[PDB]
$ cat input-v8.cif   # mmCIF, N, CA and C atoms and all ligand atoms
data_target
#
loop_
_atom_site.label_atom_id
_atom_site.label_comp_id
_atom_site.auth_asym_id
_atom_site.auth_seq_id
_atom_site.Cartn_x
_atom_site.Cartn_y
_atom_site.Cartn_z
N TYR A 1316 0.83 -1.20 0.00
CA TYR A 1316 0.00 0.00 0.00
C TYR A 1316 0.88 1.27 0.00
N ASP A 1317 2.05 1.20 -0.64
CA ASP A 1317 2.95 2.35 -0.71
C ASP A 1317 2.44 3.30 -1.80
N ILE A 1318 1.94 4.47 -1.39
CA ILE A 1318 1.39 5.48 -2.32
C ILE A 1318 2.45 6.09 -3.22
N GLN A 1319 3.74 6.02 -2.82
CA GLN A 1319 4.81 6.60 -3.62
C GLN A 1319 5.54 5.64 -4.55
N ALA A 1320 5.26 4.32 -4.42
CA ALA A 1320 6.01 3.30 -5.15
C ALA A 1320 5.96 3.40 -6.66
N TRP A 1321 4.89 3.98 -7.20
CA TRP A 1321 4.75 4.09 -8.64
C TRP A 1321 5.89 4.83 -9.31
N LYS A 1322 6.51 5.80 -8.62
CA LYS A 1322 7.52 6.62 -9.26
C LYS A 1322 8.74 5.83 -9.66
N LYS A 1323 9.33 5.07 -8.75
CA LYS A 1323 10.50 4.26 -9.12
C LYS A 1323 10.08 3.15 -10.10
N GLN A 1324 8.85 2.60 -9.94
CA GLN A 1324 8.38 1.60 -10.90
C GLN A 1324 8.31 2.19 -12.33
N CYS A 1325 7.87 3.45 -12.45
CA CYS A 1325 7.82 4.12 -13.75
C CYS A 1325 9.22 4.44 -14.25
N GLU A 1326 10.16 4.81 -13.36
CA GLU A 1326 11.53 5.04 -13.77
C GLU A 1326 12.13 3.77 -14.36
N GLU A 1327 11.88 2.61 -13.73
CA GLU A 1327 12.43 1.36 -14.21
C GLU A 1327 11.81 0.96 -15.53
N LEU A 1328 10.49 1.18 -15.69
CA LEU A 1328 9.84 0.83 -16.95
C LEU A 1328 10.38 1.75 -18.08
N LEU A 1329 10.58 3.05 -17.78
CA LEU A 1329 11.16 3.95 -18.79
C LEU A 1329 12.57 3.51 -19.16
N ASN A 1330 13.36 3.02 -18.20
CA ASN A 1330 14.71 2.52 -18.50
C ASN A 1330 14.63 1.33 -19.47
N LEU A 1331 13.69 0.40 -19.23
CA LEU A 1331 13.50 -0.74 -20.13
C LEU A 1331 13.10 -0.26 -21.52
N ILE A 1332 12.18 0.72 -21.60
CA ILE A 1332 11.75 1.23 -22.89
C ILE A 1332 12.91 1.89 -23.64
N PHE A 1333 13.69 2.71 -22.93
CA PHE A 1333 14.83 3.39 -23.56
C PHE A 1333 15.84 2.46 -24.12
N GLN A 1334 16.05 1.30 -23.49
CA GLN A 1334 17.08 0.39 -23.98
C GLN A 1334 16.53 -0.63 -25.03
N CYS A 1335 15.26 -0.49 -25.43
CA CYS A 1335 14.64 -1.30 -26.46
C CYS A 1335 14.80 -0.59 -27.80
N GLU A 1336 15.21 -1.29 -28.85
CA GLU A 1336 15.39 -0.69 -30.17
C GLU A 1336 14.13 -0.06 -30.70
N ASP A 1337 12.97 -0.64 -30.36
CA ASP A 1337 11.71 -0.09 -30.85
C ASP A 1337 11.42 1.34 -30.34
N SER A 1338 12.08 1.80 -29.26
CA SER A 1338 11.81 3.16 -28.78
C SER A 1338 12.60 4.22 -29.47
N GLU A 1339 13.58 3.88 -30.32
CA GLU A 1339 14.44 4.90 -30.91
C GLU A 1339 13.70 6.07 -31.57
N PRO A 1340 12.65 5.85 -32.39
CA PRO A 1340 11.96 7.00 -33.00
C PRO A 1340 11.18 7.88 -32.02
N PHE A 1341 11.07 7.46 -30.76
CA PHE A 1341 10.25 8.12 -29.74
C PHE A 1341 11.06 8.65 -28.57
N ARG A 1342 12.38 8.57 -28.62
CA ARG A 1342 13.22 9.00 -27.50
C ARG A 1342 13.36 10.49 -27.38
N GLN A 1343 13.17 11.23 -28.46
CA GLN A 1343 13.34 12.68 -28.53
C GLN A 1343 12.20 13.21 -29.39
N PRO A 1344 11.85 14.51 -29.29
CA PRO A 1344 10.75 15.02 -30.13
C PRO A 1344 10.94 14.69 -31.62
N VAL A 1345 9.82 14.50 -32.35
CA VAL A 1345 9.84 14.31 -33.80
C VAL A 1345 10.54 15.51 -34.45
N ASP A 1346 11.46 15.24 -35.39
CA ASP A 1346 12.27 16.23 -36.08
C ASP A 1346 11.41 17.00 -37.06
N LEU A 1347 11.24 18.28 -36.80
CA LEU A 1347 10.41 19.13 -37.64
C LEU A 1347 11.05 19.50 -38.97
N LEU A 1348 12.37 19.33 -39.11
CA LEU A 1348 13.02 19.57 -40.40
C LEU A 1348 12.74 18.37 -41.33
N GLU A 1349 12.67 17.17 -40.75
CA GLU A 1349 12.40 15.94 -41.47
C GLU A 1349 10.91 15.80 -41.83
N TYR A 1350 10.03 16.25 -40.93
CA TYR A 1350 8.57 16.16 -41.13
C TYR A 1350 8.02 17.56 -40.97
N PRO A 1351 8.17 18.40 -42.02
CA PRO A 1351 7.82 19.82 -41.87
C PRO A 1351 6.35 20.14 -41.62
N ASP A 1352 5.42 19.22 -41.96
CA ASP A 1352 4.01 19.47 -41.64
C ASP A 1352 3.57 18.74 -40.37
N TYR A 1353 4.52 18.30 -39.54
CA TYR A 1353 4.16 17.55 -38.33
C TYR A 1353 3.14 18.27 -37.45
N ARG A 1354 3.38 19.56 -37.19
CA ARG A 1354 2.50 20.34 -36.34
C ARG A 1354 1.17 20.73 -36.99
N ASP A 1355 1.00 20.47 -38.30
CA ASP A 1355 -0.29 20.67 -38.95
C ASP A 1355 -1.24 19.50 -38.62
N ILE A 1356 -0.69 18.34 -38.18
CA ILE A 1356 -1.44 17.12 -37.88
C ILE A 1356 -1.48 16.89 -36.38
N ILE A 1357 -0.33 17.10 -35.70
CA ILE A 1357 -0.15 16.82 -34.29
C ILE A 1357 -0.18 18.07 -33.44
N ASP A 1358 -1.19 18.16 -32.56
CA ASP A 1358 -1.33 19.33 -31.70
C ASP A 1358 -0.41 19.33 -30.50
N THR A 1359 -0.12 18.15 -29.94
CA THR A 1359 0.67 18.07 -28.72
C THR A 1359 1.76 17.03 -28.86
N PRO A 1360 2.94 17.44 -29.33
CA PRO A 1360 4.06 16.49 -29.43
C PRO A 1360 4.41 15.91 -28.06
N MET A 1361 4.86 14.67 -28.06
CA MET A 1361 5.29 14.01 -26.82
C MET A 1361 6.34 12.96 -27.18
N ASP A 1362 7.27 12.74 -26.27
CA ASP A 1362 8.35 11.78 -26.47
C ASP A 1362 8.82 11.25 -25.10
N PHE A 1363 9.57 10.14 -25.09
CA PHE A 1363 9.98 9.54 -23.83
C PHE A 1363 10.97 10.35 -23.02
N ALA A 1364 11.81 11.19 -23.67
CA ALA A 1364 12.70 12.06 -22.88
C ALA A 1364 11.87 13.09 -22.10
N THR A 1365 10.84 13.65 -22.74
CA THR A 1365 9.96 14.60 -22.05
C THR A 1365 9.24 13.91 -20.89
N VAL A 1366 8.76 12.67 -21.09
CA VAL A 1366 8.10 11.94 -19.99
C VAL A 1366 9.08 11.71 -18.82
N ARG A 1367 10.30 11.25 -19.12
CA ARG A 1367 11.28 10.99 -18.08
C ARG A 1367 11.64 12.29 -17.34
N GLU A 1368 11.81 13.38 -18.09
CA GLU A 1368 12.15 14.66 -17.46
C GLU A 1368 11.01 15.15 -16.58
N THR A 1369 9.76 14.98 -17.02
CA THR A 1369 8.61 15.42 -16.21
C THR A 1369 8.55 14.63 -14.91
N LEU A 1370 8.79 13.33 -15.01
CA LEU A 1370 8.81 12.46 -13.83
C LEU A 1370 9.92 12.89 -12.86
N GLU A 1371 11.14 13.07 -13.38
CA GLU A 1371 12.29 13.41 -12.55
C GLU A 1371 12.20 14.80 -11.94
N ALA A 1372 11.48 15.72 -12.59
CA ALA A 1372 11.24 17.06 -12.03
C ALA A 1372 10.20 17.05 -10.89
N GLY A 1373 9.51 15.92 -10.69
CA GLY A 1373 8.46 15.85 -9.70
C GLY A 1373 7.23 16.55 -10.21
N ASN A 1374 6.96 16.45 -11.53
CA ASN A 1374 5.83 17.13 -12.15
C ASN A 1374 4.70 16.19 -12.59
N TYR A 1375 4.77 14.92 -12.17
CA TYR A 1375 3.63 14.05 -12.27
C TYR A 1375 3.16 13.81 -10.83
N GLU A 1376 1.85 13.89 -10.61
CA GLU A 1376 1.28 13.58 -9.30
C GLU A 1376 0.86 12.10 -9.19
N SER A 1377 0.69 11.40 -10.32
CA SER A 1377 0.23 10.02 -10.28
C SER A 1377 0.72 9.28 -11.51
N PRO A 1378 0.71 7.94 -11.48
CA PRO A 1378 1.10 7.19 -12.68
C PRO A 1378 0.05 7.34 -13.78
N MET A 1379 -1.21 7.73 -13.46
CA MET A 1379 -2.21 7.96 -14.50
C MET A 1379 -1.78 9.10 -15.40
N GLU A 1380 -1.19 10.17 -14.82
CA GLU A 1380 -0.75 11.30 -15.66
C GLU A 1380 0.39 10.87 -16.57
N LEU A 1381 1.35 10.09 -16.05
CA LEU A 1381 2.46 9.59 -16.86
C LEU A 1381 1.91 8.72 -18.00
N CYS A 1382 0.98 7.82 -17.66
CA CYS A 1382 0.37 6.92 -18.62
C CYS A 1382 -0.35 7.71 -19.73
N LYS A 1383 -1.03 8.84 -19.41
CA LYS A 1383 -1.69 9.67 -20.42
C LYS A 1383 -0.67 10.25 -21.40
N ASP A 1384 0.50 10.69 -20.88
CA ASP A 1384 1.52 11.22 -21.79
C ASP A 1384 2.14 10.12 -22.65
N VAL A 1385 2.41 8.92 -22.06
CA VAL A 1385 2.98 7.84 -22.88
C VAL A 1385 1.97 7.42 -23.98
N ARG A 1386 0.69 7.35 -23.63
CA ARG A 1386 -0.34 7.01 -24.61
C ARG A 1386 -0.42 8.06 -25.72
N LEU A 1387 -0.11 9.31 -25.40
CA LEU A 1387 -0.07 10.40 -26.39
C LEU A 1387 1.07 10.20 -27.39
N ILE A 1388 2.22 9.65 -26.94
CA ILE A 1388 3.31 9.33 -27.88
C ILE A 1388 2.76 8.36 -28.97
N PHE A 1389 2.02 7.35 -28.52
CA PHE A 1389 1.51 6.32 -29.42
C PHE A 1389 0.37 6.85 -30.27
N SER A 1390 -0.57 7.65 -29.70
CA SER A 1390 -1.64 8.19 -30.54
C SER A 1390 -1.09 9.17 -31.55
N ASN A 1391 0.00 9.90 -31.22
CA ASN A 1391 0.63 10.80 -32.20
C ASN A 1391 1.19 10.00 -33.35
N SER A 1392 1.81 8.83 -33.08
CA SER A 1392 2.33 7.99 -34.17
C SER A 1392 1.20 7.51 -35.05
N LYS A 1393 0.09 7.09 -34.43
CA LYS A 1393 -1.06 6.60 -35.20
C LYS A 1393 -1.68 7.68 -36.06
N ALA A 1394 -1.73 8.91 -35.53
CA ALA A 1394 -2.31 10.02 -36.28
C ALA A 1394 -1.42 10.49 -37.41
N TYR A 1395 -0.10 10.46 -37.22
CA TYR A 1395 0.82 10.97 -38.25
C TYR A 1395 1.18 9.94 -39.31
N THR A 1396 1.02 8.64 -39.01
CA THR A 1396 1.38 7.62 -39.98
C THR A 1396 0.53 7.71 -41.24
N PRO A 1397 1.16 7.65 -42.41
CA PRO A 1397 0.36 7.66 -43.65
C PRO A 1397 -0.25 6.29 -43.97
N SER A 1398 0.26 5.24 -43.31
CA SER A 1398 -0.12 3.86 -43.52
C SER A 1398 -0.01 3.09 -42.23
N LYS A 1399 -0.88 2.06 -42.07
CA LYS A 1399 -0.74 1.23 -40.88
C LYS A 1399 0.43 0.25 -40.98
N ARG A 1400 1.12 0.22 -42.13
CA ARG A 1400 2.28 -0.63 -42.40
C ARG A 1400 3.60 0.17 -42.39
N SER A 1401 3.61 1.43 -41.89
CA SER A 1401 4.86 2.18 -41.85
C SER A 1401 5.79 1.60 -40.79
N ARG A 1402 7.08 1.83 -40.95
CA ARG A 1402 8.07 1.31 -40.03
C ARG A 1402 7.89 1.89 -38.63
N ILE A 1403 7.83 3.21 -38.53
CA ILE A 1403 7.70 3.84 -37.20
C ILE A 1403 6.41 3.44 -36.51
N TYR A 1404 5.29 3.40 -37.24
CA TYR A 1404 4.03 3.00 -36.61
C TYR A 1404 4.09 1.55 -36.15
N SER A 1405 4.72 0.66 -36.93
CA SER A 1405 4.81 -0.75 -36.52
C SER A 1405 5.61 -0.88 -35.21
N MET A 1406 6.66 -0.06 -35.06
CA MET A 1406 7.48 -0.05 -33.84
C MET A 1406 6.63 0.47 -32.67
N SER A 1407 5.81 1.49 -32.93
CA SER A 1407 4.96 2.06 -31.89
C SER A 1407 3.98 1.04 -31.34
N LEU A 1408 3.43 0.18 -32.20
CA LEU A 1408 2.46 -0.81 -31.75
C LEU A 1408 3.10 -1.82 -30.83
N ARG A 1409 4.32 -2.28 -31.18
CA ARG A 1409 5.00 -3.24 -30.30
C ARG A 1409 5.36 -2.59 -28.97
N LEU A 1410 5.87 -1.35 -29.03
CA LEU A 1410 6.27 -0.67 -27.81
C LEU A 1410 5.07 -0.39 -26.93
N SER A 1411 3.92 -0.05 -27.55
CA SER A 1411 2.70 0.20 -26.80
C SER A 1411 2.26 -1.08 -26.07
N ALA A 1412 2.33 -2.23 -26.75
CA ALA A 1412 1.94 -3.49 -26.12
C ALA A 1412 2.80 -3.80 -24.93
N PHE A 1413 4.11 -3.55 -25.05
CA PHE A 1413 5.03 -3.79 -23.95
C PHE A 1413 4.71 -2.84 -22.78
N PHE A 1414 4.49 -1.56 -23.10
CA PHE A 1414 4.18 -0.57 -22.07
C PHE A 1414 2.88 -0.94 -21.33
N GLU A 1415 1.82 -1.25 -22.06
CA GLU A 1415 0.53 -1.59 -21.43
C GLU A 1415 0.65 -2.82 -20.57
N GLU A 1416 1.42 -3.81 -21.01
CA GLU A 1416 1.63 -5.03 -20.24
C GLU A 1416 2.27 -4.72 -18.89
N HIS A 1417 3.17 -3.75 -18.84
CA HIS A 1417 3.91 -3.43 -17.62
C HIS A 1417 3.30 -2.34 -16.77
N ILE A 1418 2.57 -1.39 -17.37
CA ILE A 1418 1.97 -0.32 -16.58
C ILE A 1418 0.73 -0.76 -15.80
N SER A 1419 0.08 -1.85 -16.22
CA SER A 1419 -1.16 -2.28 -15.57
C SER A 1419 -1.02 -2.50 -14.06
N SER A 1420 0.03 -3.22 -13.60
CA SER A 1420 0.21 -3.43 -12.17
C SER A 1420 0.59 -2.14 -11.46
N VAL A 1421 1.34 -1.25 -12.13
CA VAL A 1421 1.70 0.03 -11.50
C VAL A 1421 0.44 0.84 -11.18
N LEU A 1422 -0.47 0.92 -12.15
CA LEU A 1422 -1.72 1.64 -11.94
C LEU A 1422 -2.57 0.97 -10.89
N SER A 1423 -2.73 -0.36 -10.95
CA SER A 1423 -3.56 -1.08 -9.98
C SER A 1423 -3.03 -0.93 -8.57
N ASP A 1424 -1.72 -1.06 -8.40
CA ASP A 1424 -1.13 -0.95 -7.07
C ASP A 1424 -1.29 0.44 -6.51
N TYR A 1425 -1.10 1.47 -7.35
CA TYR A 1425 -1.25 2.84 -6.88
C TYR A 1425 -2.70 3.11 -6.47
N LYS A 1426 -3.66 2.73 -7.33
CA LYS A 1426 -5.06 2.99 -7.00
C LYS A 1426 -5.48 2.22 -5.73
N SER A 1427 -4.96 1.01 -5.56
CA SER A 1427 -5.25 0.23 -4.35
C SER A 1427 -4.65 0.92 -3.11
N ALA A 1428 -3.44 1.47 -3.24
CA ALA A 1428 -2.78 2.16 -2.12
C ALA A 1428 -3.56 3.39 -1.73
N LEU A 1429 -4.09 4.13 -2.72
CA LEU A 1429 -4.88 5.31 -2.40
C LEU A 1429 -6.17 4.92 -1.73
N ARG A 1430 -6.82 3.83 -2.21
CA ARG A 1430 -8.04 3.38 -1.55
C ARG A 1430 -7.77 2.98 -0.09
N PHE A 1431 -6.62 2.33 0.17
CA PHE A 1431 -6.29 1.91 1.53
C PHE A 1431 -6.07 3.13 2.41
N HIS A 1432 -5.43 4.16 1.86
CA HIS A 1432 -5.18 5.40 2.61
C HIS A 1432 -6.50 6.06 3.04
N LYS A 1433 -7.55 5.92 2.21
CA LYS A 1433 -8.87 6.51 2.49
C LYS A 1433 -9.89 5.52 3.11
N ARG A 1434 -9.46 4.32 3.52
CA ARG A 1434 -10.35 3.29 4.06
C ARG A 1434 -11.21 3.75 5.23
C1 LIG B 1 9.73 -6.85 -25.66
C2 LIG B 1 10.60 -6.04 -24.78
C3 LIG B 1 10.67 -4.66 -24.94
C4 LIG B 1 11.48 -3.94 -24.07
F1 LIG B 1 11.50 -2.61 -24.17
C5 LIG B 1 12.23 -4.56 -23.06
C6 LIG B 1 12.13 -5.94 -22.90
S1 LIG B 1 12.91 -6.71 -21.65
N1 LIG B 1 13.60 -7.99 -22.41
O1 LIG B 1 13.97 -5.88 -21.18
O2 LIG B 1 11.95 -7.23 -20.75
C7 LIG B 1 11.33 -6.68 -23.77
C1 LIG B 2 6.83 10.86 -37.14
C2 LIG B 2 6.27 9.66 -37.87
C3 LIG B 2 5.53 8.74 -37.14
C4 LIG B 2 4.98 7.66 -37.80
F1 LIG B 2 4.28 6.81 -37.11
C5 LIG B 2 5.16 7.46 -39.15
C6 LIG B 2 5.90 8.37 -39.89
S1 LIG B 2 6.11 8.14 -41.52
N1 LIG B 2 7.72 7.95 -41.65
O1 LIG B 2 5.52 6.91 -41.91
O2 LIG B 2 5.75 9.37 -42.16
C7 LIG B 2 6.46 9.48 -39.24
#
$ encode --input "input-v8.cif" --output "structure tokens"
Amino acid sequence: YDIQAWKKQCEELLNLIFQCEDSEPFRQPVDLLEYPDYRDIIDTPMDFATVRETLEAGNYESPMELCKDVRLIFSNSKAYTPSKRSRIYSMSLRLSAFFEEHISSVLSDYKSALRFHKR
């Protein structure tokens, strides 16, 4: 019932994501020189370095907020892809599956800890 445990759990999951080859296109903001109309399609850019920095700054209050930003990385890939068979989008789908598989217990444990605190 540790209400703070999610933070180190999210740091460890981000470390696993960073060291996976599939995260390379998502480690830093999308290059606007390479994709000059990116901001005509994507309203809110997001990347894993921004998520890690927000976490380390103490600017997430819960793992739900972190999870919303990570999901935004993946929805941005889905929205910008011209095809469901593109290389970057295919990498995003695998990385999303890995992230969802691992974030589920982090969210459940945190919500259970908050419920116990308010019992
Ligand atoms: C499929 C996958 C993705 C990833 F980012 C990290 C791992 S591992 N072998 O470190 O658990 C596995
Ligand atoms: C930034 C980005 C994301 C994505 F999913 C797909 C593309 S591409 N190279 O197919 O235009 C570009």
$ closest_residue --input "input-v8.cif" --among "A:1356, A:1328, A:1382, A:1361" --to "residue A:1342" --atoms "all atoms listed in the file"
A:1361
$ residues_near_ligand --input "input-v8.cif" --ligand "ligand LIG 2 (chain B)" --cutoff "6.5 Å" --atoms "all atoms listed in the file" --output "PyMOL selection string"
chain A and resi 1345+1391-1393+1395-1398+1401-1405
$ residues_near_ligand --input "input-v8.cif" --ligand "ligand LIG 1 (chain B)" --cutoff "6 Å" --atoms "only C-alpha atoms and all ligand atoms" --output "PDB file with N, CA and C atoms, in the coordinates of the input"
ATOM      1  N   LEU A1331      13.690   0.400 -19.230  1.00  0.00           N
ATOM      2  CA  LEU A1331      13.500  -0.740 -20.130  1.00  0.00           C
ATOM      3  C   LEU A1331      13.100  -0.260 -21.520  1.00  0.00           C
ATOM      4  N   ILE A1332      12.180   0.720 -21.600  1.00  0.00           N
ATOM      5  CA  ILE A1332      11.750   1.230 -22.890  1.00  0.00           C
ATOM      6  C   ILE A1332      12.910   1.890 -23.640  1.00  0.00           C
ATOM      7  N   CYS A1335      15.260  -0.490 -25.430  1.00  0.00           N
ATOM      8  CA  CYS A1335      14.640  -1.300 -26.460  1.00  0.00           C
ATOM      9  C   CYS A1335      14.800  -0.590 -27.800  1.00  0.00           C
ATOM     10  N   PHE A1413       4.110  -3.550 -25.050  1.00  0.00           N
ATOM     11  CA  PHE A1413       5.030  -3.790 -23.950  1.00  0.00           C
ATOM     12  C   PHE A1413       4.710  -2.840 -22.780  1.00  0.00           C
TER      13      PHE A1413
END
$ axis_aligned_box --input "input-v8.cif" --around "stretch 1408-1424 of chain A" --padding-each-side "4 Å" --output "JSON"
{"center_x": 1.4, "center_y": -1.7, "center_z": -19.4, "size_x": 17.8, "size_y": 14.7, "size_z": 33.7}
$ closest_residue --input "input-v8.cif" --among "A:1431, A:1425, A:1353, A:1389" --to "residue A:1412" --atoms "only C-alpha atoms"
A:1389
$ select_by_dssp --input "input-v8.cif" --residues "chain A" --states "alpha helix (DSSP H)" --output "JSON, numbers by chain"
{"A": [1321, 1322, 1323, 1324, 1325, 1326, 1327, 1328, 1329, 1330, 1331, 1332, 1333, 1353, 1354, 1355, 1356, 1363, 1364, 1365, 1366, 1367, 1368, 1369, 1370, 1371, 1378, 1379, 1380, 1381, 1382, 1383, 1384, 1385, 1386, 1387, 1388, 1389, 1390, 1391, 1392, 1393, 1394, 1395, 1402, 1403, 1404, 1405, 1406, 1407, 1408, 1409, 1410, 1411, 1412, 1413, 1414, 1415, 1416, 1417, 1418, 1419, 1420, 1421, 1422, 1423, 1424, 1425, 1426, 1427, 1428, 1429, 1430, 1431, 1432]}
$ residues_near_point --input "input-v8.cif" --point "(12.8, 6.4, -22.8)" --cutoff "5 Å" --atoms "only N, CA and C atoms" --output "number ranges by chain"
A: 1329, 1332-1333, 1363-1364
$ residues_around --input "input-v8.cif" --residues "stretch 1365-1378 of chain A" --least-positions-apart "2" --cutoff "7 Å" --atoms "all atoms listed in the file" --output "list in words"
residues 1321, 1322, 1342, 1343, 1344, 1361, 1362, 1363, 1380, 1381, 1382, 1383, 1384, 1385, 1421 and 1422 of chain A
$ atom_distance --input "input-v8.cif" --atom1 "atom C of residue A:1341" --atom2 "atom CA of residue A:1388"
7.8 Å
$ build_atoms --input "input-v8.cif" --residues "stretch 1393-1410 of chain A" --atoms "N, CA, C and O atoms" --output "short mmCIF file (atom, residue, chain, number, x, y, z; two decimals), in the coordinates of the input"
data_model
loop_
_atom_site.label_atom_id
_atom_site.label_comp_id
_atom_site.auth_asym_id
_atom_site.auth_seq_id
_atom_site.Cartn_x
_atom_site.Cartn_y
_atom_site.Cartn_z
N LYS A 1393 0.09 7.09 -34.43
CA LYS A 1393 -1.06 6.60 -35.20
C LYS A 1393 -1.68 7.68 -36.06
O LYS A 1393 -2.08 7.43 -37.21
N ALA A 1394 -1.73 8.91 -35.53
CA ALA A 1394 -2.31 10.02 -36.28
C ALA A 1394 -1.42 10.49 -37.41
O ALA A 1394 -1.92 10.95 -38.44
N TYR A 1395 -0.10 10.46 -37.22
CA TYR A 1395 0.82 10.97 -38.25
C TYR A 1395 1.18 9.94 -39.31
O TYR A 1395 1.63 10.31 -40.40
N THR A 1396 1.02 8.64 -39.01
CA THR A 1396 1.38 7.62 -39.98
C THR A 1396 0.53 7.71 -41.24
O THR A 1396 -0.70 7.83 -41.15
N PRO A 1397 1.16 7.65 -42.41
CA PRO A 1397 0.36 7.66 -43.65
C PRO A 1397 -0.25 6.29 -43.97
O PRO A 1397 -1.13 6.17 -44.83
N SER A 1398 0.26 5.24 -43.31
CA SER A 1398 -0.12 3.86 -43.52
C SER A 1398 -0.01 3.09 -42.23
O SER A 1398 0.90 3.33 -41.42
N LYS A 1399 -0.88 2.06 -42.07
CA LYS A 1399 -0.74 1.23 -40.88
C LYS A 1399 0.43 0.25 -40.98
O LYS A 1399 0.75 -0.39 -39.99
N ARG A 1400 1.12 0.22 -42.13
CA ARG A 1400 2.28 -0.63 -42.40
C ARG A 1400 3.60 0.17 -42.39
O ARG A 1400 4.59 -0.35 -42.90
N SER A 1401 3.61 1.43 -41.89
CA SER A 1401 4.86 2.18 -41.85
C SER A 1401 5.79 1.60 -40.79
O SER A 1401 5.32 1.04 -39.79
N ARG A 1402 7.08 1.83 -40.95
CA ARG A 1402 8.07 1.31 -40.03
C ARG A 1402 7.89 1.89 -38.63
O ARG A 1402 7.82 1.13 -37.64
N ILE A 1403 7.83 3.21 -38.53
CA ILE A 1403 7.70 3.84 -37.20
C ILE A 1403 6.41 3.44 -36.51
O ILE A 1403 6.45 3.09 -35.33
N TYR A 1404 5.29 3.40 -37.24
CA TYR A 1404 4.03 3.00 -36.61
C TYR A 1404 4.09 1.55 -36.15
O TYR A 1404 3.63 1.25 -35.05
N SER A 1405 4.72 0.66 -36.93
CA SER A 1405 4.81 -0.75 -36.52
C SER A 1405 5.61 -0.88 -35.21
O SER A 1405 5.26 -1.67 -34.33
N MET A 1406 6.66 -0.06 -35.06
CA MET A 1406 7.48 -0.05 -33.84
C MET A 1406 6.63 0.47 -32.67
O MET A 1406 6.73 -0.04 -31.54
N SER A 1407 5.81 1.49 -32.93
CA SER A 1407 4.96 2.06 -31.89
C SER A 1407 3.98 1.04 -31.34
O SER A 1407 3.75 1.03 -30.15
N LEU A 1408 3.43 0.18 -32.20
CA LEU A 1408 2.46 -0.81 -31.75
C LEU A 1408 3.10 -1.82 -30.83
O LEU A 1408 2.51 -2.19 -29.81
N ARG A 1409 4.32 -2.28 -31.18
CA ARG A 1409 5.00 -3.24 -30.30
C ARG A 1409 5.36 -2.59 -28.97
O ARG A 1409 5.19 -3.20 -27.90
N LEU A 1410 5.87 -1.35 -29.03
CA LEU A 1410 6.27 -0.67 -27.81
C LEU A 1410 5.07 -0.39 -26.93
O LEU A 1410 5.15 -0.54 -25.69
#
